[PDB]
Amino acid sequence: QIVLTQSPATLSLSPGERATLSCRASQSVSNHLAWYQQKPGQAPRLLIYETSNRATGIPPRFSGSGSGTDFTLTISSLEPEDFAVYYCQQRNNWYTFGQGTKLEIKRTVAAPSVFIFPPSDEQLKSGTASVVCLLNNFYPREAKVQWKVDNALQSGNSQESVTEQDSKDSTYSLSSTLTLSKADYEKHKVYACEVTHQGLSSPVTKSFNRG
Amino acid sequence: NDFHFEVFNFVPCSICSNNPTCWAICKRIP
Amino acid sequence: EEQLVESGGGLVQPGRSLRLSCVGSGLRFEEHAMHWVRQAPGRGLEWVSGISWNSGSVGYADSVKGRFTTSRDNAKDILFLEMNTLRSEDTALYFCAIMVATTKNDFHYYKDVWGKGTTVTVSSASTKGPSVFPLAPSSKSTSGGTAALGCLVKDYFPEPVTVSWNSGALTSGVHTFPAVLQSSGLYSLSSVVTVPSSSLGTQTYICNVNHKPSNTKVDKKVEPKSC
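- Recorded in the entry header as its title is "Structure of antibody 3D3 bound to the central conserved region of RSV G".

- The name the PDB entry assigns to chain A is mAb 3D3 Fab light chain, from the organism Homo sapiens.

Here you go:
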């Protein structure tokens, strides 16, 4: 079937600007290209069908153009309700969606507030130690966390997740968990979370010594 | 199955009401 | 009121079978082609299957060919997706959708109707309630008159868990993070809140964890730790 390639992966702009999203098809889809909008926790919503027709309730600031291989979704003056993920979808040869473009609110750079959390005594009794590093309210969303146990870099034994863009200050937050066995954990002293971000003049380190 | 666009995208006659344009292209459903 | 309602999703072991149904409401069911569209956590939409109004034409995505079977029974306003030899990669939320649109010609018609979806989880893991561990406020969790604290909701399965603070009376400064899926097959999640460090000795902070797949509810009081 037909493959839909979308660009860019992420679109960072502030409200009031003009947004242009592209949809390239591996093969001609004639004019049977639709555009969908999805926000987190919701079903998708149709915006444009058959290349340029707006569905009902869709403001005229949304515009769709193109033919064959190349298609464009234009949002003329962004409103805060328009920041979301967009998928194009062809119906010329069965049905396929593009992988999606994320349209994100651009704002001023904001450094994260960094906090580290030792494992709880309650967890330790159970035999495992979880160390948590919190990166709070930062932008842009790219950030790097490095775990160091007595200055030994930890790799492959941590996991992180990132909140959606906050609806009030348009920042992100990130939580990273470093997990070790109780035995391995009590064999070391210094536990450090090192954070690099564009809003930080220098890598920030938050650390504790066990006990 | 070979996919054809009008097998999956057509207008039911039941929404045409009194508009001739729609009655000219609709597909009655039995 | 037009409505699509999916059901039949749930927790299933790899290699086993499941059958989704989608019941229509408020629409002439026989009149539209129907589709199954799925979405894995944190991933995009993928068309799974489509079937014409009279089941004369059925199609499947390459990722499900030879394993899924789509059918419909117009006399009961119901669409089916039978899934055999399921794999972990079919873990997704499964949407029922009508997606008709035509501008041919000079007449514009479209129909775009989606259900809220049913969740399918394919895994070897056993249902299991969370352990809720404090993330206590300390000096290494203070920053300029602001302190951070939270709860660690570790080793539960399957999703979802919901987290509130003080039974919903504390919402400002709360971040509840997407769960991560660990090697063990269980999920770990964190929920934190930034509070005035002034408050740490006078205000109570309790995270309310609810995990209905195992009917596990926990209230966890979070206090500063004693050094």
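## Thoughts on the overall build of chain B
For step 1, the next point in the chain: In terms of regular secondary structure, chain B is built from 2 helices and 0 strands.
For step 2, the next point in the chain: Projected onto the principal axes, the alpha-carbon positions of chain B cover approximately 35 × 20 × 10 Å.

## Some details on the UniProt feature "disulfide bond" in chain B
Residues and elements named next belong to chain B.
For step 1, the next point in the chain: Inspection of the UniProt-annotated bridge between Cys-13 and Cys-26 gives a sulfur distance of 2.0 Å, within the under-2.5 Å criterion for a formed disulfide. On the criterion of sequence distance, the pair formed by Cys-13 in the loop between helix 1 (5-8) and helix 2 (20-23) and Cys-26 in the segment after helix 2 is long-range, its members being 13 residues apart. No difference in accessibility class separates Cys-13 from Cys-26, as the two residues are buried.
For step 2, the next point in the chain: Sulfur atoms of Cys-16 and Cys-22, annotated by UniProt as disulfide partners, sit 2.0 Å apart, under the 2.5 Å cut-off for a formed bond. For the residue pair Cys-16 and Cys-22, the accessibility class agrees, reading buried in each case.

## What to know about the packing of aromatic side chains
For step 1, the next point in the chain: Overall, the coordinates contain 15 aromatic pairs over all chains when judged by the stated rule.
For step 2, the next point in the chain: Ring geometry for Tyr-139 of chain A and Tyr-172 of chain A: centres 6.3 Å apart, planes at 20 degrees, overall stacked. Taken together, the residues span a long stretch of sequence, with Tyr-139 of chain A in the loop between strand 13 (128-138) and strand 14 (144-149) and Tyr-172 of chain A in strand 17 (residues 172-181) at a distance of 33 residues.
For step 3, the next point in the chain: You can call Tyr-139 of chain A buried: its relative accessible area is 5%.
For step 4, the next point in the chain: Plain terms: the ring middles of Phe-95 of chain C and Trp-114 of chain C are 5.4 Å apart, the flat faces sit at 75 degrees to each other, and that makes the pair edge-to-face. Highlighted residues: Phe-95 of chain C in strand 9 (residues 92-102) and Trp-114 of chain C in strand 10 (residues 109-114), separated in sequence by 19 residues.
For step 5, the next point in the chain: The exposure class of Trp-114 of chain C is buried, given its relative accessible area of 13%.
For step 6, the next point in the chain: In textbook terms, an aromatic cluster arises when at least three aromatic residues are bridged by ring pairs, as seen for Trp-94 and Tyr-95 of chain A, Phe-3 and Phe-8 of chain B together with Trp-47 of chain C.
For step 7, the next point in the chain: One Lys or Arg, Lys-27 of chain B, reaches over the ring of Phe-10 of chain B and ends 3.8 Å from the middle of that ring.

## Observations concerning the interface of chain A and chain C
For step 1, the next point in the chain: Listed by partner, the interface residues are 47 residues for chain A and 52 residues for chain C.
For step 2, the next point in the chain: At 6 residues, strand 13 of chain A tops the list of elements feeding residues into the side of chain A that touches chain C.
For step 3, the next point in the chain: Considered class by class, the residues forming the side of chain A that touches chain C number 18 nonpolar, 23 polar and 6 charged.

## Structural notes on the interface of chain C and chain B
For step 1, the next point in the chain: Counting residues at the interface gives 21 residues for chain C, matched by 18 residues for chain B.
For step 2, the next point in the chain: Secondary structure elements with two or more residues in the side of chain C that touches chain B: strand 5 (45-51) and strand 9 of chain C.
For step 3, the next point in the chain: For the side of chain C that touches chain B, the per-class residue count stands at 9 nonpolar, 7 polar and 5 charged.

## Some thoughts on unusual backbone geometry
All names here are of chain A.
For step 1, the next point in the chain: The omega torsion across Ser-7 and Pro-8 is -10 degrees, close enough to zero to call that bond cis.
For step 2, the next point in the chain: Despite not being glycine, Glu-50 shows a phi value in the positive range, around 55 degrees.
For step 3, the next point in the chain: Along the chain, the position of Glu-50 falls in the loop between strand 5 (45-49) and strand 6 (53-54).

## Regarding the environment of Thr-142 of chain C
For step 1, the next point in the chain: Inspection of the secondary structure assignment puts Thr-142 of chain C in strand 13 (residues 142-143).
For step 2, the next point in the chain: Accessibility expressed as a relative area gives 26% for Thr-142 of chain C, which makes it partly exposed.
For step 3, the next point in the chain: Sequence-wise, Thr-142 of chain C and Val-195 of chain C are 53 residues apart; in three dimensions their C-alpha atoms are separated by 9.3 Å.
For step 4, the next point in the chain: With sequence-adjacent residues up to four places away left out, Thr-142 of chain C is seen in contact with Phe-115 and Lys-206 of chain A together with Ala-147 and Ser-197 of chain C.
For step 5, the next point in the chain: Polar contacts involving the side chain of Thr-142 of chain C include one to the main-chain carbonyl oxygen of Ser-139 of chain C, which spans 2.6 Å.

## Observations regarding the domain arrangement of chain A
Residue and element names in this part refer to chain A.
For step 1, the next point in the chain: What the domain assignment reports for chain A is domain 1 (1-107) and domain 2 (108-211).
For step 2, the next point in the chain: Here the C-alpha centre of domain 2 lies 36 Å away from the C-alpha centre of domain 1.
For step 3, the next point in the chain: Counting residues at the interface gives 7 residues for domain 1 and 11 residues for domain 2.
For step 4, the next point in the chain: It is strand 11 (residues 101-105) that provides the largest number of residues to the side of domain 1 that touches domain 2, a total of 3 residues.
For step 5, the next point in the chain: Of the residues in the side of domain 1 that touches domain 2, the class split is 2 nonpolar, 1 polar and 4 charged.

Reading guide: rules and limits
- Residue labels used throughout are counted from 1 along each chain in written sequence order rather than taken from the entry, whose numbering may differ, and residues without coordinates are not included.
- Here chains are named by letter from A upward and ligands by number from 1 upward, in the order in which they appear as written.
- Excluded from the side-chain calculations are hydrogens and water; all other atoms, namely the structure's heavy atoms, are used.
- Residues with missing side-chain atoms are left out of burial classes, side-chain pairs and their counts.
- Counting from the N terminus, the helices are DSSP H or I runs at least four residues long and the strands are E runs at least two residues long.
- Here, two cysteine sulfur atoms that lie within 2.5 Å of each other are counted as a disulfide.
- UniProt positions are given in the numbering used here, feature names are shortened, and annotations may be inferred rather than shown by experiment.
- Each residue is assigned to one of three classes by its accessible area relative to the maximum for its type, calculated with a 1.4 Å probe on protein chains only: buried under 20%, partly exposed between the two thresholds, exposed over 50%.
- The criterion for an aromatic pair is that two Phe, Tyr or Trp rings (for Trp, the six-membered ring) have centres within 6.5 Å, with stacked assigned to planes under 30 degrees apart, edge-to-face to planes over 60 apart and tilted to the rest.
- Sitting over a ring, as applied to charges here, requires NZ of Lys or CZ of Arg to be within 6 Å of the ring centre and within 35 degrees of the ring normal.
- Residues are treated as being in contact if the distance between any of their heavy atoms lies within 4.5 Å.
- Any residue that is not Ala, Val, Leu, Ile, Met, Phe, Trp, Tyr, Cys, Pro, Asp, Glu, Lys or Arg is counted as polar, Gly included; the first ten are nonpolar and the last four charged.
- Counting of polar contacts relies on pairs of N or O atoms within 3.5 Å, with two restrictions inside protein: one atom must be capable of donating a hydrogen and the other of accepting it, and residues adjacent in sequence are counted only when both atoms are side-chain atoms.
- Each domain's extent was defined by an automatic or database domain assignment.

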